[PDB]
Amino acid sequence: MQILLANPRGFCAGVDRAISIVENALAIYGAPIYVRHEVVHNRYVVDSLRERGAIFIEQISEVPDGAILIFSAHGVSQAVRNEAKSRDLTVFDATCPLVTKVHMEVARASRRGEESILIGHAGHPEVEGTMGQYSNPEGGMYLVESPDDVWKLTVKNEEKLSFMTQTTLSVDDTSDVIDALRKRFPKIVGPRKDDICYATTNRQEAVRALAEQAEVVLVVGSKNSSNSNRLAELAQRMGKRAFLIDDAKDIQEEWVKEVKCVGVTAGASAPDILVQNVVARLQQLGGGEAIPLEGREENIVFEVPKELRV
């Protein structure tokens, strides 16, 4: 049984930075370091930081005066950001720069009183944070998940309209939404394509390459990780058996079956130890040596703020 590894896979530049922000704050200030919601959507990473002294909280309310507070990679709304400002807290922001980039566009639209439409998934923290950059009653900020949502939408002035996207969306699905948007609203302004990040685009291209080769695809990642669910869905959609798994324990022999070729990838918040565990398990189920697939170069690094360098 052949074992293929997708490339690129696993940590993105934003996840690397967010984790180093927490790890360095712990090294500099000692435990506890308070983090608002999971720093990234991976339970292995979150468990490991919590063991080292990070306390993951829900509400700024729960953080005592004088503490160190960290915002997650997904970003926060202005309301949350202003609440922390009003408190006696030291805050470091681990929001990925490629999310902040979207936040800045939503803010510009807001000051102009022009309506904006965000393509994303309701309930996701990144969406709460991006929608929460808009604050002008004369304009409006609307969320759209699907092409139908686009045809349902009523807008005050379709001559002054723009859109933005969540970073971790299906590129193909998002294209379908954007098509509807530009047909339904011909004067809508946007990016050339979308706000889907390099890491998502690349990971979905790598899993498509993987899935054309493999009968079964295991994607390493947690259930609340949007980008990891998009990986599994992409492979599933090409008619392959895909499974989102947190670790090697989750692998069921029935999946490995009489499969001639199994592929493994990882979402942007999953550590590579976990894919190595998965390979070790697959080899004990008759897998051979792991063959890495060739991939697009990634060369982007985002640095920790200077106060947190170690």
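Throughout, we count residues from 1 along the sequence that is shown. Think of the rigid core as the biggest set of C-alphas that the two forms share within 1.5 Å after superposition.
Participant: Comparing against the shown form in 6 other deposited structures of this protein, which stretch has the larger RMS C-alpha deviation after a rigid core superposition, 30 to 38 or 57 to 65?
Facilitator: Once the cores are fitted, 57 to 65 deviates more in 6 other deposited structures of this protein.
Participant: Compare the mean C-alpha B-factor of 254 to 262 with that of 274 to 282 as given in the PDB entry, and name the stretch with the higher value.
Facilitator: So the stretch with the higher mean C-alpha B-factor is 254 to 262.
Participant: Taking the recorded C-alpha temperature factors, which stretch has the higher mean, 11 to 19 or 289 to 297?
Facilitator: Stretch with the greater average CA B-factor: 289 to 297.
Participant: Using the entry's values, work out which of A235, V99, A199, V144 has the largest Cα B factor.
Facilitator: Highest C-alpha B-factor among the listed residues goes to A235.
Participant: Could you tell me which third, lowest, middle or highest, the C-alpha B-factor of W151 occupies within its chain?
Facilitator: Lowest third of the chain for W151's C-alpha B-factor.
Participant: Could you look up the Cα B-factor of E159 in the entry and say which third of the chain it sits in: lowest, middle or highest?
Facilitator: Top third by C-alpha B-factor.
Participant: Looking at the temperature factor on the CA atom of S269, which third of the chain's modelled residues does it land in?
Facilitator: CA B-factor rank for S269: lowest third.
Participant: Quick check on the deposited entry: does the C-alpha B-factor of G129 sit in the lowest, middle or highest third of its chain?
Facilitator: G129: CA B-factor falls in the lowest third of its chain.
Participant: Could you place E114 in the lowest, middle or highest third of its chain by Cα temperature factor, using the values in the record?
Facilitator: For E114, the deposited C-alpha B-factor lands in the middle third.
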